[PDB]
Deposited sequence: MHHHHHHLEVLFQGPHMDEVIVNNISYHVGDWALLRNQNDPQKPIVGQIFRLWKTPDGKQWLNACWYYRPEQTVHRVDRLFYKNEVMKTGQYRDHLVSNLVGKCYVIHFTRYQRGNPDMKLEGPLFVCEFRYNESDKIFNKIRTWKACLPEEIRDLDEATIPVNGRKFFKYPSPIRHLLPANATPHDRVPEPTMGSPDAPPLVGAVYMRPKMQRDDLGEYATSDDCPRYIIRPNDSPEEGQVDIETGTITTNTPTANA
């Protein structure tokens, strides 16, 4: 609670900003996060606190779970970093909002989409339906409407990590830890029975899937696909 701004490599950061931080577990895949607090310590160094958002490969989940192209999940981790950890800006958008249009902004980096909060303790994904309560209180934006947008969802990036002797009644596995001051080195996958009803299109094995979701190999043959965001309009 000292500073309203910090500058790193000729770039400003403020509380509320979406930014990337150095990951000690993978120097090429940065931690995606949002700054909640800035300050200076007695020694002159500048510090910040960001709520960590995990990439799919960093979570523990069923092997059949599908993700959006650039999906991230919010955690209960709020961590302190030397501002010299910042490696650039990005932008995380709430899926419900992104369903209806694009952010009216000039993104200064990669765009990530979030639909779920991740319960690190019980390994449980929960749809966030009140984005506002997730943000720092001192920031609680326009949107460019798009006609009928759909989302390609893709299989787990760590689906190849299912144990050879897995069963649908296995205990939920633990993530693998690397550096203590970093996101999990790698999550883990496990097996469960199919389901009939699937309101949010979470799993590839479910009988039902929402109409705005295109599951792998469904392969439509009409519309315009945005390779980068894996979105499609028609």
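Participant: From the N-terminus onward, what segments of the deposited sequence lack any C-alpha atom in this model?
Facilitator: Missing CA coords at 1 to 14, 155 to 157, 252 to 258.
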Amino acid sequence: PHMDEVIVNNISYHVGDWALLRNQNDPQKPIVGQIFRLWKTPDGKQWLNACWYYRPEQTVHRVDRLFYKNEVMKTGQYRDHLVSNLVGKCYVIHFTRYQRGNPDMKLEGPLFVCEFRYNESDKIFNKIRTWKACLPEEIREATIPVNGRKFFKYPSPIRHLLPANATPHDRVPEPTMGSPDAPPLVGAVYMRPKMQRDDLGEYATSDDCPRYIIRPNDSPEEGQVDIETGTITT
From here on, numbers count along this sequence of modelled residues.
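Participant: Which has the higher mean CA temperature factor in the PDB entry, 16 to 24 or 218 to 226?
Facilitator: Comparing averages over the C-alpha atoms only gives 218 to 226.
Participant: For the listed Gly33, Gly187, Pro42, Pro193, which has the peak Cα B-factor recorded in the PDB entry?
Facilitator: Highest C-alpha B-factor among the listed residues goes to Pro42.
Participant: Considering only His94, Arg159, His81, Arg129, which residue's Cα atom bears the greatest B-factor as recorded?
Facilitator: Most elevated C-alpha B-factor of the set, per the entry: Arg129.
Participant: Which third of the chain does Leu200 land in by C-alpha B-factor: lowest, middle or highest?
Facilitator: For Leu200, the deposited C-alpha B-factor lands in the lowest third.
Participant: Looking at the temperature factor on the CA atom of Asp181, which third of the chain's modelled residues does it land in?
Facilitator: Within its chain, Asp181 is a highest-third residue by C-alpha B-factor, going by the deposited values.
Participant: Of the three thirds of its chain by CA temperature factor, lowest, middle or highest, which one includes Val72?
Facilitator: Lowest third.
Participant: Could you look up the Cα B-factor of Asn49 in the entry and say which third of the chain it sits in: lowest, middle or highest?
Facilitator: Middle third of the chain for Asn49's C-alpha B-factor.
Participant: By the recorded C-alpha temperature factor, relative to the other modelled residues in its chain, which third is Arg171 in?
Facilitator: According to the entry, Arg171 has a C-alpha B-factor in the chain's highest third.
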